[PDB]
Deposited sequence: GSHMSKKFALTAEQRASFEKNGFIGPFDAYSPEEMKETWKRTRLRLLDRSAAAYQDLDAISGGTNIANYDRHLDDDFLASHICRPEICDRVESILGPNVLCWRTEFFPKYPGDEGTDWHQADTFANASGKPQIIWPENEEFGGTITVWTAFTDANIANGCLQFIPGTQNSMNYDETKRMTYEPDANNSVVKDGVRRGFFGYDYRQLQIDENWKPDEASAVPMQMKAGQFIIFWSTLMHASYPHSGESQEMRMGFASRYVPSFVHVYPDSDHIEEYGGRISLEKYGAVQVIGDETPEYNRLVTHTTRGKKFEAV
């Protein structure tokens, strides 16, 4: 397809666990789009999750209500590259906004396979006979992302070995988890401390090997959720906030929210009544995955 990964790009992705950044929009187009979208998003009247029983869950699945985000997850610039990795039938099962306000703590080092990390209950389950896990995350810079405003960082080549155990639980305590200094860096996990999930209490991330991923507004980066990733803190030197938008993809055979009609995490609880996965690539998915074809405002999931 037109934006497929090259063979060299595919080799690099396999080695490093991330590939890009690539362009979805020009910086000028992204700036204007984000200006309008940020305002529109303040209206939650069509959101799939009405009652939040609050939470970071307020950032989830706005593609299910928003015209632009419904187009974005389907962008061929994104989907052709996801297809190179995930094959002919692929769902977007989750989206999340990741703001860093001026002064915010960096995102903790983490890896996720099942996404039971915060809730204690798996959200995606791959075939049990196989060795695959996690989700392909496409993280789009809705603003510029630089080290000073909290850009992402990765430890290359760590996507094939988990350092955390998502059957351990971590406690939600925002109070306590605010700019906790960890190996010289203010970091947290949206009210949790991801170190609580470490397989070995005394192990530490190989932060000396971390590399930054600075991006311009309109770019995206592709990485496995099993890759060691984090963000820098936002120093507040800029008075402009950083915004990333994550779209998460799995092959359609992966079980999405098995045995669940609600999720409880990040200090909130939501119903999955108006949730569905979106088929962004191909036209076959097993019956066990609930799909939607349109937003809650009747906009088709297709790139415009």
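Where the model has no C-alpha, note the corresponding stretch of the deposited sequence, numbering from 1. 1-5, 60-63 are the stretches of the deposited chain that have no C-alpha coordinates in the structure.
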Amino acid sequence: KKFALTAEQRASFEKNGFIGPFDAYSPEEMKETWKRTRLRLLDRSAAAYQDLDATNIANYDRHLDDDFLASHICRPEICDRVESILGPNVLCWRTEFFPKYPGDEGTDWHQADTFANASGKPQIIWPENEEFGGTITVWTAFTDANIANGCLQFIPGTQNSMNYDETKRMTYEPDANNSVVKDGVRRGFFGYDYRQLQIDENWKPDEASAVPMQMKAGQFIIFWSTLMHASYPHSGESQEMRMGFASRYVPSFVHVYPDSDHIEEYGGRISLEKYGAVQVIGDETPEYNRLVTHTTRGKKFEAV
From here on, numbers count along this sequence of modelled residues.
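Could you check which stretch, 168-176 or 152-160, carries the larger mean CA temperature factor in the entry? According to the entry, 168-176 carries the higher average C-alpha B-factor.
Is the mean CA B factor in the deposited entry higher across 18-26 or across 281-289? The entry gives the higher C-alpha B-factor average to 281-289.
Highest Cα B-factor in the deposition, which of 251, 236, 276, 244? Top of the list by C-alpha B-factor: 236.
Quick one: classify residue 184 as lowest, middle or highest third of the chain based on its Cα B-factor. CA B-factor rank for residue 184: highest third.
Quick check for you: using the entry's CA B-factors within this chain, is residue 44 in the lowest, middle or highest third? Middle third, going by the recorded CA B-factors of the chain.
Grab the CA temperature factor for residue 201 from the record and place it in the lowest, middle or highest third of its chain. Highest third - that is where residue 201 ends up once the chain's C-alpha B-factors are sorted.
Lowest, middle or highest third - CA B-factor, residue 61: Lowest third, going by the recorded CA B-factors of the chain.
Quick check on the deposited entry: does the C-alpha B-factor of residue 272 sit in the lowest, middle or highest third of its chain? For residue 272, whose C-alpha B-factor we compare with every modelled residue in the chain, the answer is the middle third.
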